[PDB]
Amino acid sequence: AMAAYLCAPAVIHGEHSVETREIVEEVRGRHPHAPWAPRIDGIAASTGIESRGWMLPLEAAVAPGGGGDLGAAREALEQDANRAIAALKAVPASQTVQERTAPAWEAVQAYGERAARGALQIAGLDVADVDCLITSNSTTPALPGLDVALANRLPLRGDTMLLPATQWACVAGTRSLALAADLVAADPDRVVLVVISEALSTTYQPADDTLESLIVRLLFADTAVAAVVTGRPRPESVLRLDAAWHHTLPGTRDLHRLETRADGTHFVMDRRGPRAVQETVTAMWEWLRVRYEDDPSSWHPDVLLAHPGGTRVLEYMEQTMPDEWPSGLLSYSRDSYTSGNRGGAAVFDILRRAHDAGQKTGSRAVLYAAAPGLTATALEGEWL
């Protein structure tokens, strides 16, 4: 029913390495008097992250944006009034949404373009071979978006099928593979290119004050990844997708939200979020079990590329695994998190780390990812 082939992904991390000590040090500087103050060495140490890559330097986020009409305020309120307006402008203002977005939107296009070309080289293809383009980009408001940018820069054929998304977030790594599978099913001669470019650092907001704000600042890293899916096997084909699985939890939309305020984009996380995704992990084990119910006990997942959102739920996955399964399945996933949470680009990154480590032809593979709204998508496959 479902047959789709996947060449190895191309991963391109953020060039601006931001030390976790630089963030801890920076936020301490931002808010001197705070209740979370003692929690810092404690909270930061639990992440297990020394440093991450960004598409922009920490300065690009923390810096003051300023900019305000002022003249209208001055007029509405002679020489004494001018000194008053200058006294108000001197105060450092946060960056407006367009100020945070502009440079990030540029980085996204650039990193995405690189990853796109990388993906095509790995597949051994030409830019003109691409028939359908799928893009995923969440934290940098743009219309037209990454898809039209790519079709211009690569470039792609004028008749390429453009399929941009912005609300997939963390599930892009599996939802786009599931989608690509369907496209190459409608036409096996199709060449689908998936590009996930995320400047997640756009969520780093210096002003916010929360036990969770610190966690949002420390969690995410920037990346652009890409991969080719085809309806017919290629020597460059690394993995074959056999089934897709979707699961959405009713009444959990507000656990992970991305709010777009006048000062950029905010990612608010409810403490029960992980607990909610644990549900989708159970749902998945059940999916796999029911699918290998008739089949002999021989069937067994040799590779697990999972993206629950954190090490915590990763630990939970290791303990929920049926009977006796290999211990180092979440090795690649865990290795990925130590560099940061790459959201929509996480799955590919993990697939890359798995690939770069060396896999055996025939290895049973499972790709998994959970995302805001609390919806998840899993794929079962076979390594080639």
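Numbering starts at 1 and follows the sequence shown.
Where residue 77 is followed by residue 78 in the displayed chain, the model omits 4 to 9 of the deposited residues that sit between the two. Stretches 184-192 and 293-301 differ in mean C-alpha B factor, with the higher average recorded for 293-301.
Two stretches are in play, 31-39 and 326-334, and the higher mean C-alpha B-factor belongs to 31-39. Ranking 133, 239, 199, 72 by Cα temperature factor from the entry places 72 first. Out of 84, 283, 122, 165, it is 84 whose C-alpha atom has the highest B-factor in the PDB entry. Residue 48 sits in the middle third of its chain by CA B factor, as recorded in the PDB entry. For residue 108, the recorded CA B-factor ranks within the lowest third of the chain. Only modelled residues enter the ranking.
Ranked by C-alpha B-factor against the other modelled residues of its chain, residue 89 falls in the highest third. For residue 209, the recorded CA B-factor ranks within the highest third of the chain. Only modelled residues enter the ranking. When the modelled residues of the chain are ordered by their C-alpha B factor, residue 376 lands in the lowest third.
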